[PDB]
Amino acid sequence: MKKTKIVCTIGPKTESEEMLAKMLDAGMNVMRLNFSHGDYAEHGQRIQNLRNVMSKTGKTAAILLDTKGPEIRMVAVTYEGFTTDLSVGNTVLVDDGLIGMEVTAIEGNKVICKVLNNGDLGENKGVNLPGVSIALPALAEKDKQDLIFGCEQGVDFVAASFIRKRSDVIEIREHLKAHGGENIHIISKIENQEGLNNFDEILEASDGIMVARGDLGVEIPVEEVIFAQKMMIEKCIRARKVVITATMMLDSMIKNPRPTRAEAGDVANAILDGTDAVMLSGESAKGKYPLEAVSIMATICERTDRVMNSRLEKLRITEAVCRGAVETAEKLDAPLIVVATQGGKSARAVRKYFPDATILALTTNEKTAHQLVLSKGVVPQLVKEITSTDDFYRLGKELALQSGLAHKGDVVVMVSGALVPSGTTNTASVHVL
């Protein structure tokens, strides 16, 4: 059964309970909500329906909120500081890369440029200032209400748009914490050369990364974009942080109930690079065939996961422990690695080595039972309490057999923290069911 997770952007064609239950069945794991449209009571109801389908069925799913972030769209440009922040020689581009201009003069409220290439300029096009740094907040007074709605509803993840550096992340995170959303994970969307160059620092600040290669492409040389993707997936796998692969996934399916062979290859290679999750935007949100897309997407995942291997080859404790747990599991042919988590780090720590076995992750934490839904190959499980290391062993032996994920006489490797604080994974323990 598939291991990599499917994020499905849900809008009004798909928000019903009956569809949401269908889409969970087809392999949806996370509802993405893209607040570049809609009204709050609509969205608020879109959440409740999923949360109803969840009670009604026993399925887990996570909720992820998208923020739009900063934009810049003789023509008239939205951004008043355009003239300040641009510089002589700079390369402006309009309409996702279509026309490139080089800045010759800026006088007053005017950036006068020389057009470098032919193109048909229209209404409301994108302006990209590659290199150039923009003084717009990561999170402007306008998208901030989106966030607050998000904390209020208690979404699991926030994907933040147009992240260019550490500071940006920290400013999304200081917002959330101002409103009770401190336990909400931030996924940073690298959509530009600046964010790209600042990735390692964007990565230490965030909880994950959304690889938006479409957006990124506009800004950097084509022959660099896959390599950006691969690097960022690899850097995320190492850090133990979720990474979604997001843009241009199965786009044809907004018009067709079957994907291009080049889309499928492109989704399969991202999974092979090592993602946690693959994303469906309009295919599930606006298009004519949303349940078709989730289902083909799920067969691509399943077919791809199932040929992939484990990945075992200062040195840290959690790293030694969790690498041994997976090495030992596969050695002993265990179907499962059963893990105790508070905030998820150690289910994430095990997953980093791409286990054959399923991670069944026991938490008493609700947010982290949901959040873990976005981690590759992980099945979260909310438990009432784990009182001791032997209790954990005893409980997880019950839930493993009970899970149907293993049977009597199966070997199961159990991973947890014992006499340590939350941050750490420190003991591994093999058991026969």
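Each residue number is its position in the shown sequence, starting from 1.
Counting the deposited residues that fall between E313 and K314 and carry no coordinates gives a value of 4 to 9. Going from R73 to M74, the model skips 10 or more deposited residues, which lack coordinates.
Averaged over their C-alpha atoms, the temperature factors of 335-343 and 135-143 are higher for 135-143. The stretch 247-255 shows the higher mean C-alpha B-factor when 247-255 is compared against 262-270 in the entry. Listed residues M210, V94, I170, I317 were ranked by CA B-factor as deposited; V94 comes out on top. Per the deposited record, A105 carries the highest C-alpha B-factor of all listed residues (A105, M308, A205, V350). Annotation for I163: CA B-factor lies in the middle third of the chain's modelled residues. In the PDB entry, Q371 places in the lowest third of its chain by CA B-factor. When the modelled residues of the chain are ordered by C-alpha B-factor, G396 sits in the middle third. Ranked against the other modelled residues of its chain, the C-alpha B-factor of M231 as given in the entry falls in the lowest third.
The PDB entry assigns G69 a C-alpha temperature factor belonging to the highest third of its chain's modelled residues.
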